[PDB]
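A quick write-up on the structure given underneath.
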Amino acid sequence: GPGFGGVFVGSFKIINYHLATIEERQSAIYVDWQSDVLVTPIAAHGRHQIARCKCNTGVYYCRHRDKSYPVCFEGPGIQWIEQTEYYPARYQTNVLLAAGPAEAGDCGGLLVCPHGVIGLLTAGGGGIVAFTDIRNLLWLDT
Ligand SMILES: [Zn+2]
């Protein structure tokens with residue numbers, strides 16, 4: 001709904017690795033540190049659907065500005081070394097790159113297209129924003 005609390009698909013929740021809790025991590029069915037993503041069970045009926053597409057455009061929510069921004073982004077791929085307070089200087093996987101506002105508190109924002117959710121806002125700054133492509137996790141739908 002609001003578009004920042006991660007993706008809720010079926011009885012499962014998809015969120016960023018650095019924003020997840022230990023309890024969620026201890027029950028997680030899927031974990032990727034490189035992609036900065038977990039898929040963990042939750043006792044709820046998720047209303048989200050993962051996008052089974054190859055869209056190069058989408059719309060993502062910026063929390064600190066409270067607005068939806070459209071953007072054309074680069075396909076998934078390995079990304080440059082960048083350091084955060086949560087992670088060391090490392091190359092992330094399944095990264096979607098675009099231009100737009102992004103702040104420290106905006107991590108977890110949803111990028112979507114007409115097919116569903118494509119990724120979660122991973123990091124950004126200086127007018128460049130990155131997302132974790134979750135199109136590979138569509139097996140969750142079942
Ligand atoms: Zn699409």
Side-chain angles (χ1 to χ4, degrees), residues 1-18 20-21 24-25 27-28 30-44 46 48-77 79 81-84 86-90 92-127 129-137 139-142:
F4 54 72
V7 191
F8 304 90
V9 192
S11 85
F12 290 94
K13 178 186 189 169
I14 300 163
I15 39 170
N16 308 68
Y17 189 113
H18 69 68
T21 72
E24 281 153 18
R25 193 171 312 178
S27 286
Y30 177 86
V31 180
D32 192 13
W33 199 61
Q34 293 285 353
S35 312
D36 181 38
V37 66
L38 278 79
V39 193
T40 184
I42 200 176
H48 298 55
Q49 63 153 333
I50 307 165
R52 293 161 194 258
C53 68
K54 301 174 184 182
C55 283
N56 52 284
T57 40
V59 59
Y60 82 90
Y61 192 63
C62 174
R63 192 186 209 261
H64 93 271
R65 299 214 170 156
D66 188 42
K67 189 183 184 65
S68 290
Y69 283 88
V71 57
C72 197
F73 51 83
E74 320 181 1
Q79 185 38 235
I81 280 158
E82 52 90 29
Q83 176 173 260
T84 60
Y86 274 103
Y87 293 126
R90 56 140 184 175
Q92 276 196 27
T93 49
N94 289 295
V95 167
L96 306 157
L97 204 73
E103 190 74 338
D106 296 323
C107 289
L110 292 196
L111 168 76
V112 307
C113 66
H115 306 102
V117 194
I118 289 166
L120 279 150
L121 193 148
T122 313
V129 60
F131 313 87
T132 306
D133 188 329
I134 61 165
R135 287 194 263 241
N136 47 327
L137 314 173
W139 65 296
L140 271 293
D141 269 314
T142 309

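The first residue of the sequence shown is numbered 1, and numbering continues consecutively from there. Atoms within a ligand are numbered from 1 in the order they appear, just like the ligands themselves.
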Study note, to complete from the structure: What one should report as the nearest heavy-atom pair of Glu82 and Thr84 is OE1-CG2, 3.4 Å
Practice item. Spell out the protein N/O/S atoms under 2.8 Å from the Zn ion (ligand 1) as residue plus atom name. Key: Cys53 SG, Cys55 SG, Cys113 SG, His115 ND1
Check your understanding: Can you find a side-chain donor-acceptor pair between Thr132 and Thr122 that sits under 3.5 Å?
Key -> yes
Review point. Quick check: does any side chain N or O of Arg90 sit under 3.5 Å from a backbone N or O of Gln34, one acting as donor and the other as acceptor?
Key: yes
Check your understanding: Is there a side-chain contact (heavy atoms from CB on, under 4.5 Å) between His48 and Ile14 once you walk through the steps?
Key -> CA-CA 10 Å; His48 298 55; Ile14 300 163; over 6 Å; no
Practice item. State whether the side chain of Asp106 and the backbone N or O of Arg63 hold a donor-acceptor pair below 3.5 Å, judged by distance alone. Key: yes
Review point. Donor-acceptor pair, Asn16 side chain versus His18 backbone, under 3.5 Å?
Key: no
